[PDB]
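Examination of the molecular architecture
Now for the letters of each chain:
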Amino acid sequence: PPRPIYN
Amino acid sequence: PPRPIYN
Amino acid sequence: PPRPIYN
Amino acid sequence: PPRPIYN
Amino acid sequence: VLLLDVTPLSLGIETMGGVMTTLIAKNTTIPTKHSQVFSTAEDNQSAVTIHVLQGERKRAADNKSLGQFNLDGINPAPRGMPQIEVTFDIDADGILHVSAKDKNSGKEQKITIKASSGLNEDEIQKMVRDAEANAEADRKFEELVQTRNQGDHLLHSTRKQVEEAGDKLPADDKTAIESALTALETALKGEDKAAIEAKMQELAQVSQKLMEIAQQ
Amino acid sequence: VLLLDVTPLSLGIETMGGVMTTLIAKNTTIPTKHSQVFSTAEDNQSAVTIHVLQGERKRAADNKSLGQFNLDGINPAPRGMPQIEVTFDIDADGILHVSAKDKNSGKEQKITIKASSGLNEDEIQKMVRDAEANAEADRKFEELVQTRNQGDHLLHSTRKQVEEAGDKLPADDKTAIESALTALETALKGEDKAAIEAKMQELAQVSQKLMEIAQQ
Amino acid sequence: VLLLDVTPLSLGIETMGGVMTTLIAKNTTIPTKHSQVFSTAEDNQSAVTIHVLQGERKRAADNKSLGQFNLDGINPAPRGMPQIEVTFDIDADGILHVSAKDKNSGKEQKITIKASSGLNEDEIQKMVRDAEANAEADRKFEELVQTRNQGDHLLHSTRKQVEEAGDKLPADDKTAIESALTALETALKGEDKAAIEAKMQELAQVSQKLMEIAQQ
Amino acid sequence: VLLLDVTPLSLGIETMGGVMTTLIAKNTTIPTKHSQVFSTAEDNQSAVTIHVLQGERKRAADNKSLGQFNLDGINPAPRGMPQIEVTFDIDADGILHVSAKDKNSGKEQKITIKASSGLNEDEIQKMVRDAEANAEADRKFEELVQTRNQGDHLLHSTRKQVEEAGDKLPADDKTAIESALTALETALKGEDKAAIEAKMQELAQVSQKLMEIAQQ
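Residues numbered from 1 in each chain as written, not as in the entry; some residues may be left out. Chains lettered and ligands numbered in written order. Heavy atoms only, no water.

For chain E, the PDB entry supplies the name Chaperone protein DnaK and the organism Escherichia coli.

Overview of the interface of chain E and chain H
Of the residues lining the interface, 25 residues belong to chain E; the matching set on chain H comes to 25 residues. Counting the surface chain E buries against chain H, the share from its top three residues, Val1(E), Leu2(E) and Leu3(E), is 44%. Across the contact surface, chain E and chain H share 0 salt bridges. The interface formed by chain E and chain H contains 10 residue pairs in polar contact. The element that contributes the greatest number of residues to the side of chain E that touches chain H is strand β1 (residues 4-6) of chain E, accounting for 3 residues. Of the residues in the side of chain E that touches chain H, the class split is 14 nonpolar, 8 polar and 3 charged. Bridge count for β1(E) against strand β1 (residues 4-6) of chain H is 3 bridges, and the pairing is antiparallel. Looking at β1(H), one finds that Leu4(E) is bridged to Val6(H). (Contact = heavy atoms within 4.5 Å. Buried area = accessible area lost by both parts, 1.4 Å probe. Salt bridge = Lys/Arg side-chain N within 4 Å of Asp/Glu carboxyl O. Polar contact = N/O pair within 3.5 Å; in protein donor to acceptor, adjacent residues only side chain to side chain. Helix = DSSP H or I, 4+ residues; strand = E, 2+ residues; numbered from the N terminus. Nonpolar A, V, L, I, M, F, W, Y, C, P; charged D, E, K, R; others polar. Pairing = 2+ DSSP bridges.)

Comments concerning the relation of the copies chain E and chain H
Once turned by 180° and shifted 0.0 Å along the axis, chain E lies on chain H with an RMSD of 0.0 Å. Both copies are brought into coincidence by an operation consistent with a two-fold rotation axis. Identified as the residue of chain E closest to the rotation axis by C-alpha distance is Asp5(E), at 2.3 Å. With an isologous cut-off of 70% or more, the 100% of interface residues of chain E that recur at the interface of chain H puts this contact in the isologous class. (Least-squares fit on C-alpha atoms.)

Looking at the domain arrangement of chain E
Residues and elements named next belong to chain E. Along its sequence, chain E is carved into domain 1 (1-135) and domain 2 (136-216). Computed from C-alpha atoms alone, the centre-to-centre distance between domain 1 and domain 2 is 31 Å. The partner domain 2 presents 10 residues to the 12 residues of domain 1 that form the contact. Interface of domain 1 and domain 2: buried area, both sides summed, is about 1000 Å²; carbon and sulfur atoms make up 47% of it. The interface formed by domain 1 and domain 2 holds 3 salt bridges in total. For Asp138, the salt bridge is made with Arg57, and the minimal N-O distance between the two is 3.5 Å. Between domain 1 and domain 2 we count 10 residue pairs in polar contact in total. (Domains from an automatic or database assignment.)

What to know about the layout of surface pockets
Quantified by volume, the second largest pocket comes out at close to 380 Å³. Around the second largest pocket sit 18 residues that line it, and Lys33(E), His34(E), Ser35(E), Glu85(E) and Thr87(E) are the ones nearest its centre. Where the lining of the second largest pocket is concerned, the elements lending two or more residues are β4 (32-38), β7 (84-90), β8 (96-102) and β9 (108-113) of chain E together with α2 (135-165) and α4 (193-206) of chain F. Residue composition of the lining of the second largest pocket, grouped by class: 2 nonpolar, 5 polar and 11 charged. (1 Å grid on protein atoms, 1.4 Å probe; cavity = no way out; pocket = protein on both sides within 12 Å on 5 of 7 lines; lining within 4 Å. Points joined across faces, edges and corners; volume = space filled by probe spheres on them.)

Let's talk about the sheet that holds strand β4 (residues 32-38) of chain F
Residue and element names in this part refer to chain F. Read from one edge to the other, the open sheet built from 4 strands follows the order β4-β7-β8-β9, with strand pairing classed as antiparallel. With one partner strand each, in any of the chains shown, β4 and β9 (108-113) form the two edges of the open sheet. Between one strand axis and the next, the sheet turns through 15° on average, direction left out of account. Here 6 bridges tie strand β8 (residues 96-102) to β9, and the two strands are oriented antiparallel to one another. Considered in β9, the bridge of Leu96 is made with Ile113. (Axes fitted to C-alpha atoms, helices over the stretch in contact; angles between N-to-C directions.)

What about the packing of helix α2 (residues 135-165) of chain E against helix α4 (residues 193-206) of chain E?
All names here are of chain E. Running from N to C, α2 and α4 point in directions that differ by 25°, and their axes come no closer than 10 Å. Classified by the interaxial angle, the pair formed by α2 and α4 is roughly parallel. As for how α2 packs across α4, the hand of that crossing is left-handed. Where α2 abuts α4, its residues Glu143, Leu144, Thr147, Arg148, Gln150, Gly151, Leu154 and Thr158 lie against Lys193, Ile196, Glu197, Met200 and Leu203. (Parallel < 35°, antiparallel > 145°, perpendicular 65-115°, else oblique. Left-handed = near helix turned anticlockwise from the far one by under 90°.)

Here it is, written out as structure tokens:
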């Protein structure tokens, strides 16, 4: 699954 | 005016 | 007594 | 000549 | 070379929440040029203030103010869509030009900052000292501002999604969500990181059908 | 105390674009606990991989891999709306637990990492060394990944706005915008930061009526 | 490893002039053992005080005192001839043993310092902070102490050479030299580095025949 | 100021044993002036070579050579009695003058080093890198050179004391001491720190009556 994206 | 917001 | 002296 | 020696 | 000309402190601009965002790191050899793209915080925003800062603290108010200027004539857009490119340029003479350019509209405003601006050797040192004395409070501060800006994002996004959903959203979902958005907005008015995350999670807990609607 | 137990290297997770995001900074006294909220990169995403990293490099591939695990059961939502809170927890014994919790759905998965995992004293040193030998390439890398993620954001946002605009958008605007979004998407497939910003600006240049529609 | 046990501050002993001489540098992984050889400052000295210090300041009085003990039973000798080897030993449990051993006489005395001695995390930080706030005053202090000890050396050496010269030395040389040695001794009683070097040079200026005698 | 002119690397001179002794620390704001007093290593020495070095390594051979010059006309004296004051002076233009002045004889020689001498930005960085990659080998090296110079001191001192003692010294003491001084001198020809300290202690062990004579 995709890596987290950090805002 | 508002300060820039950085993404 | 005196403190050591370092050469 | 010799290098200085530092005390 | 026996010498290098370097920046003794970080240089940057104030960004939303009152935080210094660094454009040129402490200890950079000059001449140097760096640019980053920023944006608007509110829908339909017409201008941004560029506030130029020198120093090592996380709070803008804790740094040295080198000047500010506005870029206006930003065309109507949703928040976060304008591309406002900010450039810091330190030439071979030690002079800093900061510019802000709207990549859509083409407008540009600058401030030129002389090489002798900012803090003197003494204060450069008292400054580096505190960045350390306070490394902790700064971190707690910076993560509060990030939480606050993440909460404000979700506040705005969810309201928009409620509109775009309209009738697709059950009234029992809409009452819960709008109550969560009121408490969120009340919390973002505070300096309590945990309370902001509690209202964020409350909202994530009631919004699930909204999310499923918004995704379709 | 004559000793302190400290982390010799930074600890974190891999985030979109292949970049290490730090959760516990190098040199932190343990026991320590820190948490941050992350989210999804794609609409309707059902799971995230948490990839735990030790080290000082900007590229995740350049760090030491401590393990990975998935959190799934993420409910349908627009990208960036889920709140996936990641916690790093190093107890008094030097053991790291990383958890990922979905604040909406309540799901949680962890990995436990023993105190003796990671790089040994030698490699801690070869690691700190390179973070410096390469401070430059890392910065150029990190700003490429940021540009890429900013471009991907605008790509996705603008497509959504085109849909929500539908007929409000003149066909002459829609042809220009969809051509810019094709070139953007082609550029994001590359490792050229300037070319990505050129297509971003191209899009900002043609989207102005779209922006004015989207704001209303 | 995810952790390392390291010394947060430097460890050492007070040496002549009131200066901390470091035996174990700040940030050393423990277990660690280091030793250095020191000596006596006065002819016929019978004992040395070992004073154990923790911290980053140059003035011993500015550091944390971990304890002191005497090694006595030093046999009559000229100053600087005894070999007093000082060992700092931090075992795997964080305990520091400092010992002092007379390499001639074989005598040894120790102090054992528990792992929980010294400054706490707060004070470790206030300490690192000041080492920086005062880096300057420390340097000026350390070079004053070095000048003072160099002047004291030349004071003692020249007196000895005058004796060993006896009649070989013209009375006009001996009057000048003994007057320089009086002013030197008066200056070493002060905190004025330039005045100490002025009397040192004065002495070097009048001692030239003495030096030529002493060399033969 | 937005800039500071600073030294990127340490500057100094080579001293006995092949070690760089720093006169101006890395990161010093220029203009700056510093001076230290050095001396001779051998009785009757007539000249010193000043060898100017830039860099962060402990071995002189590991640093950048900025130039060397001799100061001669040093008048006959016992080793360690001449006062050779070395000054590093970096003016507002980034030029380094190093001078060496004999405080007795009044002789002075200089070398002037242009601002553009030394290592370029790249090599400044490869240099800082290694000072770290090798912090260990440097320390082991520096303490070997110190042990060697301490052993050479005791070698020379003890021989002198034997002479000054002459008949006061029992022949059984004199045979033991002169045998220890032969093994010492053989060890100082080596790169083995423990073996040098073994012969030093051997000598301290046999010299005790000598020391008691020398003190009277």
